[PDB]
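Note: the block below is model-v3.cif and it holds mmCIF, C-alpha atoms.
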data_run
loop_
_atom_site.label_atom_id
_atom_site.label_comp_id
_atom_site.auth_asym_id
_atom_site.auth_seq_id
_atom_site.Cartn_x
_atom_site.Cartn_y
_atom_site.Cartn_z
CA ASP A 28 22.29 6.76 -15.55
CA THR A 29 19.88 9.67 -15.85
CA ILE A 30 18.52 8.77 -12.42
CA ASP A 31 22.07 8.20 -11.16
CA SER A 32 23.32 11.61 -12.30
CA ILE A 33 20.50 13.52 -10.60
CA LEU A 34 20.97 11.63 -7.32
CA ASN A 35 24.67 12.55 -7.45
CA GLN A 36 23.90 16.25 -7.95
CA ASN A 37 21.67 16.23 -4.84
CA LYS A 38 23.65 13.82 -2.66
CA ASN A 39 24.15 16.56 -0.03
CA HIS A 40 20.52 17.69 0.43
CA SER A 41 18.28 15.07 2.01
CA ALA A 42 14.51 14.95 1.62
CA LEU A 43 14.08 12.74 4.72
CA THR A 44 13.37 14.13 8.19
CA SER A 45 13.40 12.01 11.35
CA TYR A 46 11.42 12.49 14.55
CA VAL A 47 11.92 8.85 15.54
CA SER A 48 13.81 7.88 18.68
CA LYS A 49 17.25 6.34 18.27
CA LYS A 50 15.73 3.23 19.88
CA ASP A 51 13.14 2.51 17.17
CA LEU A 52 15.49 3.36 14.30
CA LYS A 53 18.29 1.16 15.64
CA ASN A 54 15.86 -1.68 16.40
CA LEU A 55 14.63 -1.55 12.80
CA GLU A 56 18.26 -1.49 11.63
CA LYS A 57 18.89 -4.69 13.59
CA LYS A 58 16.06 -6.55 11.85
CA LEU A 59 17.36 -5.42 8.45
CA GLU A 60 20.78 -6.91 9.24
CA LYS A 61 19.31 -10.06 10.80
CA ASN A 62 17.32 -10.80 7.61
CA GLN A 63 14.83 -13.01 9.46
CA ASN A 64 11.45 -11.24 9.77
CA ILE A 65 10.99 -7.84 8.10
CA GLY A 66 7.44 -6.80 7.23
CA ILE A 67 7.01 -3.55 5.28
CA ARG A 68 3.76 -2.00 4.07
CA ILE A 69 3.01 1.07 1.94
CA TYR A 70 -0.39 2.73 2.25
CA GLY A 71 -0.92 5.36 -0.41
CA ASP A 72 -2.54 6.52 -3.64
CA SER A 73 -1.65 6.51 -7.34
CA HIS A 74 2.00 7.35 -6.61
CA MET A 75 2.23 3.82 -5.15
CA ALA A 76 -0.64 1.71 -6.52
CA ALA A 77 1.07 0.61 -9.75
CA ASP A 78 4.00 -0.77 -7.68
CA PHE A 79 6.63 1.39 -9.40
CA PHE A 80 7.86 3.10 -6.23
CA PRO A 81 7.34 0.08 -3.89
CA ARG A 82 9.21 -2.27 -6.26
CA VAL A 83 12.43 -0.26 -5.94
CA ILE A 84 12.08 -0.21 -2.15
CA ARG A 85 11.20 -3.91 -2.13
CA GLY A 86 14.29 -4.83 -4.14
CA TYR A 87 16.93 -2.75 -2.36
CA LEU A 88 15.81 -2.20 1.24
CA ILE A 89 15.18 -5.93 1.85
CA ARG A 90 15.89 -9.32 0.29
CA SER A 91 12.25 -10.15 -0.39
CA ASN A 92 11.16 -13.77 0.10
CA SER A 93 7.41 -13.28 0.69
CA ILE A 94 4.39 -11.26 -0.43
CA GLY A 95 2.05 -10.40 2.43
CA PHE A 96 -1.33 -8.75 1.97
CA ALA A 97 -2.80 -8.38 -1.51
CA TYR A 98 -6.15 -7.37 -2.97
CA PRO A 99 -8.59 -10.12 -4.03
CA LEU A 100 -8.33 -8.61 -7.51
CA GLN A 101 -6.22 -5.66 -8.56
CA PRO A 102 -8.22 -2.56 -9.53
CA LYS A 103 -7.63 -1.54 -13.12
CA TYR A 104 -4.20 0.04 -13.74
CA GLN A 105 -2.99 -1.12 -10.30
CA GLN A 106 -0.65 -4.02 -9.64
CA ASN A 107 1.52 -5.90 -7.17
CA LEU A 108 4.52 -7.23 -9.08
CA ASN A 109 4.71 -10.29 -6.82
CA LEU A 110 1.39 -11.57 -8.20
CA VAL A 111 -0.50 -12.25 -11.43
CA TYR A 112 -4.30 -12.19 -11.73
CA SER A 113 -6.95 -13.30 -14.19
CA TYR A 114 -10.68 -13.68 -13.65
CA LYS A 115 -14.13 -14.03 -15.20
CA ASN A 116 -17.53 -12.85 -13.95
CA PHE A 117 -16.21 -10.99 -10.90
CA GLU A 118 -17.19 -7.45 -9.92
CA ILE A 119 -14.60 -5.21 -8.26
CA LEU A 120 -16.05 -2.97 -5.55
CA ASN A 121 -13.87 0.00 -4.58
CA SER A 122 -14.36 2.02 -1.40
CA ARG A 123 -12.93 5.10 -3.12
CA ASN A 124 -15.72 4.89 -5.72
CA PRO A 125 -18.88 6.86 -4.84
CA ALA A 126 -20.86 4.38 -6.96
CA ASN A 127 -19.71 1.63 -4.54
CA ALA A 128 -20.46 3.62 -1.37
CA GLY A 129 -22.32 1.82 1.41
CA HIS A 130 -20.75 -1.65 1.25
CA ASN A 131 -19.06 -3.58 4.07
CA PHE A 132 -15.44 -2.94 3.15
CA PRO A 133 -12.39 -4.74 4.54
CA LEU A 134 -8.82 -3.45 4.84
CA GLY A 135 -8.01 -1.74 1.55
CA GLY A 136 -11.62 -1.28 0.47
CA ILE A 137 -11.38 -3.68 -2.49
CA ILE A 138 -13.94 -6.48 -2.89
CA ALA A 139 -14.16 -9.14 -5.59
CA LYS A 140 -17.88 -9.94 -5.78
CA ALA A 141 -18.95 -13.06 -7.68
CA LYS A 142 -21.42 -11.99 -10.36
CA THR A 143 -22.50 -15.61 -10.82
CA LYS A 144 -22.06 -19.13 -9.52
CA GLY A 145 -18.91 -20.49 -11.13
CA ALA A 146 -17.02 -17.21 -11.42
CA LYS A 147 -13.29 -17.89 -11.37
CA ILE A 148 -10.12 -16.11 -10.27
CA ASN A 149 -6.68 -17.42 -11.24
CA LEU A 150 -3.81 -16.46 -8.93
CA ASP A 151 -0.07 -16.98 -9.43
CA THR A 152 3.14 -15.36 -8.24
CA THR A 153 6.11 -14.05 -10.20
CA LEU A 154 8.36 -15.74 -7.64
CA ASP A 155 9.70 -19.20 -8.41
CA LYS A 156 8.68 -20.37 -4.92
CA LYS A 157 5.08 -21.58 -5.02
CA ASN A 158 4.38 -23.15 -1.59
CA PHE A 159 2.66 -20.60 0.64
CA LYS A 160 0.50 -20.21 3.71
CA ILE A 161 -2.41 -18.27 2.19
CA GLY A 162 -5.16 -16.67 4.27
CA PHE A 163 -8.43 -15.81 2.55
CA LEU A 164 -10.85 -13.11 3.67
CA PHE A 165 -14.33 -13.97 2.39
CA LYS A 166 -18.00 -13.21 2.98
CA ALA A 167 -21.21 -14.90 1.85
CA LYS A 168 -24.99 -14.43 1.81
CA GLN A 169 -25.62 -17.94 3.16
CA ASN A 170 -23.74 -20.21 5.56
CA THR A 171 -23.07 -22.87 2.90
CA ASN A 172 -19.84 -23.19 0.92
CA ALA A 173 -18.86 -19.78 -0.45
CA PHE A 174 -15.81 -20.57 -2.59
CA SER A 175 -13.82 -23.53 -3.96
CA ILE A 176 -10.00 -23.48 -4.13
CA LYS A 177 -7.90 -25.78 -6.35
CA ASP A 178 -4.08 -25.48 -6.09
CA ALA A 179 -1.28 -26.39 -8.51
CA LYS A 180 -1.05 -29.82 -6.87
CA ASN A 181 -4.83 -30.47 -7.38
CA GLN A 182 -5.68 -30.21 -3.65
CA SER A 183 -9.28 -28.91 -3.55
CA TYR A 184 -10.60 -26.85 -0.56
CA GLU A 185 -13.66 -24.87 0.50
CA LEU A 186 -14.20 -21.45 2.04
CA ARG A 187 -17.25 -21.61 4.31
CA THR A 188 -18.72 -19.00 6.65
CA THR A 189 -20.55 -19.66 9.90
CA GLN A 190 -22.19 -16.21 10.00
CA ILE A 191 -23.78 -14.64 6.92
CA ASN A 192 -22.83 -11.16 5.67
CA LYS A 193 -19.75 -11.19 7.91
CA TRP A 194 -16.13 -11.11 6.78
CA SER A 195 -14.50 -14.45 7.59
CA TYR A 196 -10.95 -15.79 7.44
CA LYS A 197 -9.33 -19.16 6.77
CA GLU A 198 -5.72 -20.20 6.16
CA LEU A 199 -4.51 -22.92 3.80
CA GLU A 200 -1.06 -24.17 2.81
CA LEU A 201 -1.27 -24.30 -0.98
CA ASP A 202 0.88 -24.28 -4.12
CA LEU A 203 0.49 -21.55 -6.73
CA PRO A 204 -0.98 -21.18 -9.29
CA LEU A 205 -4.44 -21.64 -7.75
CA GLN A 206 -7.96 -21.15 -9.08
CA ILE A 207 -10.84 -19.79 -6.98
CA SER A 208 -14.38 -20.75 -8.01
CA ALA A 209 -17.55 -19.27 -6.54
CA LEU A 210 -20.03 -21.75 -5.08
CA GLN A 211 -22.51 -18.94 -4.40
CA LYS A 212 -23.40 -15.88 -6.42
CA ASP A 213 -22.72 -12.57 -4.62
CA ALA A 214 -19.96 -14.31 -2.64
CA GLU A 215 -17.16 -11.89 -1.79
CA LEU A 216 -13.38 -11.92 -1.42
CA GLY A 217 -11.56 -9.24 0.54
CA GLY A 218 -7.87 -10.00 0.15
CA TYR A 219 -5.14 -12.58 0.61
CA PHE A 220 -2.28 -12.98 3.09
CA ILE A 221 0.51 -14.87 1.31
CA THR A 222 3.39 -15.68 3.66
CA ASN A 223 5.96 -18.35 4.35
CA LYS A 224 5.46 -20.55 7.41
CA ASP A 225 8.15 -18.49 9.18
CA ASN A 226 10.87 -15.89 8.61
CA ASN A 227 8.94 -13.62 6.27
CA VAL A 228 10.66 -10.76 4.45
CA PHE A 229 8.21 -8.83 2.30
CA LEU A 230 6.91 -5.46 1.15
CA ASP A 231 3.17 -5.41 0.47
CA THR A 232 1.06 -2.43 -0.57
CA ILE A 233 -2.40 -1.12 0.27
CA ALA A 234 -2.77 1.71 -2.25
CA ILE A 235 -5.74 3.02 -4.24
CA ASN A 236 -5.66 5.44 -7.17
CA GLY A 237 -7.30 8.67 -6.06
CA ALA A 238 -7.41 7.82 -2.35
CA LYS A 239 -7.47 10.53 0.30
CA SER A 240 -5.56 10.24 3.56
CA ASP A 241 -8.82 9.36 5.35
CA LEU A 242 -9.98 6.57 3.03
CA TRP A 243 -9.50 4.10 5.90
CA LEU A 244 -12.55 5.70 7.55
CA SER A 245 -14.58 4.07 4.75
CA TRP A 246 -13.73 0.57 5.98
CA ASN A 247 -15.16 -1.79 8.60
CA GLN A 248 -13.10 -0.85 11.65
CA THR A 249 -13.61 -4.21 13.39
CA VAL A 250 -12.48 -6.14 10.31
CA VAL A 251 -9.66 -3.65 9.70
CA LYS A 252 -8.33 -4.31 13.20
CA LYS A 253 -8.61 -8.09 12.73
CA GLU A 254 -6.64 -7.83 9.48
CA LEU A 255 -3.99 -5.57 11.02
CA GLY A 256 -3.38 -8.30 13.61
CA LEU A 257 -3.04 -11.06 11.01
CA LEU A 258 0.29 -9.73 9.70
CA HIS A 259 2.75 -7.70 11.76
CA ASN A 260 4.60 -4.86 10.03
CA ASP A 261 8.01 -3.66 11.18
CA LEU A 262 8.00 -0.58 8.91
CA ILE A 263 4.77 1.13 7.82
CA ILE A 264 4.72 3.86 5.16
CA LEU A 265 1.80 6.26 4.67
CA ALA A 266 1.99 8.06 1.30
CA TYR A 267 -1.09 10.31 1.19
CA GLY A 268 -1.77 13.98 0.54
CA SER A 269 -2.29 14.38 -3.21
CA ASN A 270 -6.02 13.65 -3.29
CA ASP A 271 -6.76 15.68 -0.16
CA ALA A 272 -5.51 18.67 -2.18
CA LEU A 273 -7.42 17.77 -5.37
CA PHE A 274 -10.86 16.86 -3.98
CA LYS A 275 -13.33 18.48 -1.59
CA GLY A 276 -13.46 18.04 2.17
CA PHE A 277 -10.08 19.30 3.37
CA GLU A 278 -9.73 20.99 6.75
CA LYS A 279 -6.32 21.09 8.41
CA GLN A 280 -7.34 19.90 11.88
CA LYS A 281 -9.65 17.17 10.55
CA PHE A 282 -6.83 16.09 8.23
CA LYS A 283 -4.35 15.82 11.10
CA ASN A 284 -6.75 14.22 13.59
CA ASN A 285 -7.86 11.40 11.28
CA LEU A 286 -4.25 10.72 10.26
CA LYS A 287 -3.07 10.74 13.88
CA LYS A 288 -5.82 8.28 14.82
CA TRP A 289 -4.64 6.05 11.96
CA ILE A 290 -0.99 6.28 13.04
CA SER A 291 -1.87 5.43 16.65
CA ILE A 292 -3.95 2.45 15.49
CA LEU A 293 -1.10 1.18 13.31
CA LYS A 294 1.55 1.58 16.02
CA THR A 295 -0.71 -0.13 18.57
CA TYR A 296 -1.49 -3.01 16.18
CA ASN A 297 2.16 -3.26 15.03
CA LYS A 298 4.26 -3.12 18.19
CA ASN A 299 7.60 -1.29 17.76
CA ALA A 300 6.79 -0.42 14.14
CA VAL A 301 8.67 2.51 12.63
CA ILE A 302 6.27 4.92 10.90
CA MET A 303 7.25 6.90 7.81
CA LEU A 304 5.06 9.52 6.16
CA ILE A 305 5.60 10.43 2.52
CA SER A 306 4.55 13.92 1.49
CA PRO A 307 3.14 14.15 -2.06
CA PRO A 308 5.04 15.59 -5.02
CA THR A 309 4.25 19.13 -6.17
CA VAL A 310 0.47 18.83 -6.54
CA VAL A 311 -1.03 20.79 -9.44
CA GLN A 312 -4.61 21.01 -10.68
CA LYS A 313 -6.11 22.14 -13.95
CA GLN A 314 -6.94 25.81 -14.45
CA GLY A 315 -8.73 25.05 -17.67
CA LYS A 316 -6.17 24.62 -20.46
CA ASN A 317 -3.42 25.22 -17.87
CA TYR A 318 -2.19 23.80 -14.57
CA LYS A 319 -1.80 25.55 -11.22
CA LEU A 320 -0.67 24.67 -7.70
CA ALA A 321 -3.37 23.28 -5.44
CA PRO A 322 -3.92 25.87 -2.67
CA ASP A 323 -4.21 23.18 0.03
CA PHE A 324 -0.96 21.46 -1.04
CA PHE A 325 1.36 23.60 1.10
CA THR A 326 -1.03 23.31 4.06
CA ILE A 327 -1.13 19.51 3.73
CA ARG A 328 2.66 19.34 3.49
CA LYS A 329 3.09 21.48 6.61
CA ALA A 330 0.46 19.40 8.42
CA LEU A 331 2.38 16.23 7.56
CA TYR A 332 5.54 17.63 9.15
CA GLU A 333 3.53 18.57 12.24
CA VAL A 334 2.05 15.07 12.48
CA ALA A 335 5.54 13.62 11.96
CA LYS A 336 6.80 15.46 15.04
CA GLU A 337 3.65 14.81 17.10
CA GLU A 338 3.61 11.07 16.32
CA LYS A 339 7.44 10.75 16.16
CA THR A 340 7.69 9.42 12.62
CA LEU A 341 9.92 9.72 9.59
CA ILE A 342 8.79 11.98 6.75
CA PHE A 343 10.13 11.79 3.19
CA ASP A 344 9.20 14.94 1.25
CA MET A 345 8.85 14.20 -2.46
CA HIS A 346 8.09 17.82 -3.30
CA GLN A 347 11.29 18.82 -1.49
CA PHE A 348 13.42 16.56 -3.69
CA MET A 349 11.50 17.64 -6.79
CA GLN A 350 12.24 21.28 -5.95
CA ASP A 351 15.87 20.60 -4.98
CA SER A 352 16.52 19.13 -8.45
CA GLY A 353 14.92 21.79 -10.67
CA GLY A 354 11.21 21.71 -9.82
CA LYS A 355 8.18 20.11 -11.42
CA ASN A 356 8.70 22.08 -14.64
CA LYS A 357 12.22 20.69 -15.05
CA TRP A 358 10.88 17.22 -14.25
CA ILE A 359 8.23 17.55 -16.97
CA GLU A 360 10.83 18.51 -19.58
CA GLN A 361 12.83 15.34 -18.83
CA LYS A 362 9.72 13.09 -18.75
CA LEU A 363 10.32 12.44 -15.06
CA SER A 364 6.88 13.99 -14.55
CA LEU A 365 3.62 14.55 -16.35
CA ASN A 366 1.73 17.84 -16.43
CA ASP A 367 -0.74 16.73 -13.73
CA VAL A 368 0.07 15.37 -10.26
CA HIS A 369 1.31 12.05 -11.66
CA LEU A 370 4.92 11.14 -12.41
CA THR A 371 6.39 8.69 -14.88
CA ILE A 372 7.98 5.37 -13.95
CA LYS A 373 11.37 7.06 -14.26
CA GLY A 374 10.22 9.72 -11.81
CA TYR A 375 8.87 7.14 -9.36
CA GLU A 376 12.13 5.18 -9.46
CA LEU A 377 14.12 8.39 -9.00
CA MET A 378 11.98 9.18 -5.94
CA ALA A 379 12.46 5.69 -4.50
CA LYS A 380 16.23 5.69 -5.00
CA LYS A 381 16.37 9.12 -3.34
CA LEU A 382 14.62 7.73 -0.25
CA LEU A 383 17.08 4.82 -0.26
CA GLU A 384 19.93 7.33 -0.35
CA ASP A 385 18.56 9.47 2.48
CA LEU A 386 17.67 6.35 4.48
CA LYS A 387 21.37 5.41 4.52
CA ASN A 388 22.25 8.49 6.58
CA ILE A 389 20.00 7.29 9.44
CA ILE A 390 19.83 3.49 8.98
CA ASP A 391 22.41 0.87 7.96
CA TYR A 392 21.08 -1.64 5.42
#
Show me this structure written as structure tokens.
Amino acid sequence: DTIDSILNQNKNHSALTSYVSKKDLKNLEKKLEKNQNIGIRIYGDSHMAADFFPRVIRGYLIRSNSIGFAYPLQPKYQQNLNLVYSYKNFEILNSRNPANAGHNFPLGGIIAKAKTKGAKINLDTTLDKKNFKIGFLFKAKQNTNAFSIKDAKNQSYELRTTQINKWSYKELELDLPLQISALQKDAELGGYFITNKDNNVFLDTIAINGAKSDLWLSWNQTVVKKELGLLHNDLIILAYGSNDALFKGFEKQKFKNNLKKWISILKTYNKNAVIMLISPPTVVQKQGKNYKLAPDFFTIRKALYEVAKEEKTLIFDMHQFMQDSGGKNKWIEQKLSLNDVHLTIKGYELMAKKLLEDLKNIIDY
């Protein structure tokens, strides 16, 4: 009830601002009550990649019955709590990594590359339902069989490209747990789309530790568009800003332009989707021994409000709630925060429940 007490002290001061028309908000509210198809996605960085914040939203905003998009393998210290992974002899390529720069990246920028013929990936879900329509994004050096798939029911299948060095897609109706085996070395996996045959309620995530707002520029735009069209999202959340303030390359107009191009692409490829931006928590950086505010943090936060009005989106301000309830220093004392930009699990759940509280004042769910 530590989280509950702080929410009650700040019940009157919302951190959520709306520039969305009453038409889009109401239409989203109707889907939430209908409980038929509700697709939600969270793009972001480390404040989302370990599924702490999205899990609270997934459990309380919707009655989840599906998964959606998921990485071929989770990068280290990242997770989607709907899924369980294990693998041998697979290399994880990350678009955020400079050492992996120059590859043909799909949506999310994560690639599982078979180090050898016979490399295996085991995939299961934490749900008790195991029958799923699963789409595989794969890529191979030769037009022979790229991967082998065995399901829980012993049905064996093959992933096979018709064009080499091109991201391909293929859907199968399988039962988890399933094992993937590489039939070629250097064969690649780009992600899965795990959905029910109809009436899908889910919250998937596309988050990368240390990702800037413009990480999507690293990806294959043709394949990104094909993957955006494979799974419609009714509510799309963009939680960026921290790493634009911590790493080089920030310029306010370039920050806004790239983000506005991304918002327009997402709204075009997800008709009637409600867009929500999430502004980072109080971003600090090391002074040597000490910690100090990032100078670009307050410019990024202001730019996110500007983009929210220009693109008519919601904006949840995590720094606003952090400041309304004592500030980052008070959050560190109570282990809601760490000394750097990161928060604890308790802080991420307090943030998520605060958004759920402020969401109530504009949307019935």
Compare A:329, A:74, A:90, A:339 by their minimum atom-to-atom distance to residue 375 in chain A, counting all atoms listed in the file, and give me the closest one.
A:74
I'd like to see the residues matched by the PyMOL selection byres ((chain A and resi 61) around 12) on this file, and ideally I'd get them as a CSV table (one decimal) with C-alpha atoms, keeping the file's coordinate frame.
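Written out: out_39.csv:
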chain,number,residue,atom,x,y,z
A,54,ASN,CA,15.9,-1.7,16.4
A,55,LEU,CA,14.6,-1.6,12.8
A,56,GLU,CA,18.3,-1.5,11.6
A,57,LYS,CA,18.9,-4.7,13.6
A,58,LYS,CA,16.1,-6.6,11.8
A,59,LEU,CA,17.4,-5.4,8.4
A,60,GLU,CA,20.8,-6.9,9.2
A,62,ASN,CA,17.3,-10.8,7.6
A,63,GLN,CA,14.8,-13.0,9.5
A,64,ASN,CA,11.4,-11.2,9.8
A,65,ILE,CA,11.0,-7.8,8.1
A,89,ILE,CA,15.2,-5.9,1.8
A,90,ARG,CA,15.9,-9.3,0.3
A,226,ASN,CA,10.9,-15.9,8.6
A,227,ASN,CA,8.9,-13.6,6.3
A,228,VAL,CA,10.7,-10.8,4.4
A,391,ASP,CA,22.4,0.9,8.0
A,392,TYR,CA,21.1,-1.6,5.4
Could you state which residues are captured by the PyMOL selection byres ((chain A and resi 286) around 12) in this file, as an mmCIF file with C-alpha atoms, in the frame of the given file?
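Printed below is out01.cif as written:
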data_model
loop_
_atom_site.group_PDB
_atom_site.id
_atom_site.type_symbol
_atom_site.label_atom_id
_atom_site.label_comp_id
_atom_site.auth_asym_id
_atom_site.auth_seq_id
_atom_site.Cartn_x
_atom_site.Cartn_y
_atom_site.Cartn_z
ATOM 1 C CA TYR A 70 -0.390 2.730 2.250
ATOM 2 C CA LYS A 239 -7.470 10.530 0.300
ATOM 3 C CA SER A 240 -5.560 10.240 3.560
ATOM 4 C CA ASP A 241 -8.820 9.360 5.350
ATOM 5 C CA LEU A 242 -9.980 6.570 3.030
ATOM 6 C CA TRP A 243 -9.500 4.100 5.900
ATOM 7 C CA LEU A 244 -12.550 5.700 7.550
ATOM 8 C CA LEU A 265 1.800 6.260 4.670
ATOM 9 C CA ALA A 266 1.990 8.060 1.300
ATOM 10 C CA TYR A 267 -1.090 10.310 1.190
ATOM 11 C CA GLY A 268 -1.770 13.980 0.540
ATOM 12 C CA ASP A 271 -6.760 15.680 -0.160
ATOM 13 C CA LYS A 279 -6.320 21.090 8.410
ATOM 14 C CA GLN A 280 -7.340 19.900 11.880
ATOM 15 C CA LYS A 281 -9.650 17.170 10.550
ATOM 16 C CA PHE A 282 -6.830 16.090 8.230
ATOM 17 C CA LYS A 283 -4.350 15.820 11.100
ATOM 18 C CA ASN A 284 -6.750 14.220 13.590
ATOM 19 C CA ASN A 285 -7.860 11.400 11.280
ATOM 20 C CA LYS A 287 -3.070 10.740 13.880
ATOM 21 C CA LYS A 288 -5.820 8.280 14.820
ATOM 22 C CA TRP A 289 -4.640 6.050 11.960
ATOM 23 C CA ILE A 290 -0.990 6.280 13.040
ATOM 24 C CA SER A 291 -1.870 5.430 16.650
ATOM 25 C CA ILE A 292 -3.950 2.450 15.490
ATOM 26 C CA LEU A 293 -1.100 1.180 13.310
ATOM 27 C CA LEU A 304 5.060 9.520 6.160
ATOM 28 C CA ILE A 327 -1.130 19.510 3.730
ATOM 29 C CA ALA A 330 0.460 19.400 8.420
ATOM 30 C CA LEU A 331 2.380 16.230 7.560
ATOM 31 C CA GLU A 333 3.530 18.570 12.240
ATOM 32 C CA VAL A 334 2.050 15.070 12.480
ATOM 33 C CA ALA A 335 5.540 13.620 11.960
ATOM 34 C CA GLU A 337 3.650 14.810 17.100
ATOM 35 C CA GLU A 338 3.610 11.070 16.320
#
Nearest to residue 297 in chain A among A:66, A:206, A:385, A:29, with distances taken over all atoms listed in the file: which residue is it?
A:66
Which residues, named as in the file, does the PyMOL selection byres ((chain A and resi 175) around 9) pick out? Answer as a PyMOL selection string.
chain A and resi 172-174+176-177+183-186+206-210
Write out as JSON lines the residues of range 156-272 of chain A that have any atom within 12 Å of an atom of range 367-371 of chain A, one row each with the nearest atom pair and its distance in Å to one decimal, counting all atoms listed in the file, sorted by chain and then rising number.
{"residue": "A:236", "atom": "CA", "partner": "A:369", "partner_atom": "CA", "distance": 10.6}
{"residue": "A:237", "atom": "CA", "partner": "A:368", "partner_atom": "CA", "distance": 10.8}
{"residue": "A:268", "atom": "CA", "partner": "A:368", "partner_atom": "CA", "distance": 11.0}
{"residue": "A:269", "atom": "CA", "partner": "A:368", "partner_atom": "CA", "distance": 7.5}
{"residue": "A:270", "atom": "CA", "partner": "A:368", "partner_atom": "CA", "distance": 9.4}
{"residue": "A:272", "atom": "CA", "partner": "A:368", "partner_atom": "CA", "distance": 10.4}
Range 46-101 of chain A residues near range 307-323 of chain A within 12 Å, closest pair each, using all atoms listed in the file, as a Markdown table:
| residue | atom | partner | partner_atom | distance |
| --- | --- | --- | --- | --- |
| A:71 | CA | A:307 | CA | 9.8 |
| A:72 | CA | A:307 | CA | 9.6 |
| A:73 | CA | A:307 | CA | 10.4 |
| A:74 | CA | A:307 | CA | 8.3 |
| A:75 | CA | A:307 | CA | 10.8 |
Find the residues near residue 109 in chain A: any atom within 7 Å, counting only C-alpha atoms, skip ones fewer than 6 places away on the same chain, and give them as a ChimeraX atom specification.
/A:94,152-154
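CA of residue 105 in chain A is positioned 23.0 Å from CA of residue 159 in chain A.
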Do you know which residues are at most 10 Å from range 139-142 of chain A counting all atoms listed in the file, after dropping those on the same chain fewer than 6 positions away, and could you put them as a VMD selection string?
chain A and resid 98 to 102 114 to 121 148 165 to 167 173 to 174 208 to 218
Around the point (-3.8, -12.6, -18.0), in the coordinates given by the file, pick out the residues reaching within 10 Å, counting all atoms listed in the file, and return them as a PyMOL selection string.
chain A and resi 111-114+149-150
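Separating CA of residue 306 in chain A from CA of residue 229 in chain A is a distance of 23.1 Å.
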Can you list, as JSON, numbers by chain, every protein, DNA or RNA residue that comes within 12 Å of range 251-254 of chain A when you count all atoms listed in the file, leaving out same-chain residues fewer than 6 positions away?
{"A": [95, 96, 97, 131, 132, 133, 134, 135, 136, 162, 163, 164, 194, 195, 196, 197, 217, 218, 219, 220, 243, 244, 245, 260, 289, 292, 293, 294, 295, 296, 297]}
Could you rebuild range 303-314 of chain A with N, CA and C atoms and give me the result as a PDB file, in the frame of the given file?
ATOM      1  N   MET A 303       6.710   5.921   8.739  1.00  0.00           N
ATOM      2  CA  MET A 303       7.250   6.900   7.810  1.00  0.00           C
ATOM      3  C   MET A 303       6.096   7.499   7.011  1.00  0.00           C
ATOM      4  N   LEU A 304       5.972   8.819   7.048  1.00  0.00           N
ATOM      5  CA  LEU A 304       5.060   9.520   6.160  1.00  0.00           C
ATOM      6  C   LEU A 304       5.797   9.915   4.891  1.00  0.00           C
ATOM      7  N   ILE A 305       5.063   9.957   3.786  1.00  0.00           N
ATOM      8  CA  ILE A 305       5.600  10.430   2.520  1.00  0.00           C
ATOM      9  C   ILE A 305       4.718  11.576   2.044  1.00  0.00           C
ATOM     10  N   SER A 306       5.300  12.762   1.953  1.00  0.00           N
ATOM     11  CA  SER A 306       4.550  13.920   1.490  1.00  0.00           C
ATOM     12  C   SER A 306       4.489  13.929  -0.033  1.00  0.00           C
ATOM     13  N   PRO A 307       3.355  14.315  -0.610  1.00  0.00           N
ATOM     14  CA  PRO A 307       3.140  14.150  -2.060  1.00  0.00           C
ATOM     15  C   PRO A 307       4.123  14.983  -2.862  1.00  0.00           C
ATOM     16  N   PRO A 308       4.281  14.691  -4.153  1.00  0.00           N
ATOM     17  CA  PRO A 308       5.040  15.590  -5.020  1.00  0.00           C
ATOM     18  C   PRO A 308       4.248  16.868  -5.257  1.00  0.00           C
ATOM     19  N   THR A 309       4.892  17.842  -5.901  1.00  0.00           N
ATOM     20  CA  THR A 309       4.250  19.130  -6.170  1.00  0.00           C
ATOM     21  C   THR A 309       2.890  18.931  -6.832  1.00  0.00           C
ATOM     22  N   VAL A 310       1.817  19.115  -6.063  1.00  0.00           N
ATOM     23  CA  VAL A 310       0.470  18.830  -6.540  1.00  0.00           C
ATOM     24  C   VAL A 310      -0.052  20.019  -7.333  1.00  0.00           C
ATOM     25  N   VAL A 311      -0.430  19.778  -8.586  1.00  0.00           N
ATOM     26  CA  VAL A 311      -1.030  20.790  -9.440  1.00  0.00           C
ATOM     27  C   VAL A 311      -2.434  20.338  -9.817  1.00  0.00           C
ATOM     28  N   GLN A 312      -3.257  21.301 -10.223  1.00  0.00           N
ATOM     29  CA  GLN A 312      -4.610  21.010 -10.680  1.00  0.00           C
ATOM     30  C   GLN A 312      -4.934  21.918 -11.857  1.00  0.00           C
ATOM     31  N   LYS A 313      -5.899  21.490 -12.666  1.00  0.00           N
ATOM     32  CA  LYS A 313      -6.110  22.140 -13.950  1.00  0.00           C
ATOM     33  C   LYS A 313      -6.832  23.472 -13.773  1.00  0.00           C
ATOM     34  N   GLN A 314      -6.329  24.497 -14.444  1.00  0.00           N
ATOM     35  CA  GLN A 314      -6.940  25.810 -14.450  1.00  0.00           C
ATOM     36  C   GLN A 314      -7.956  25.954 -15.577  1.00  0.00           C
TER      37      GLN A 314
END
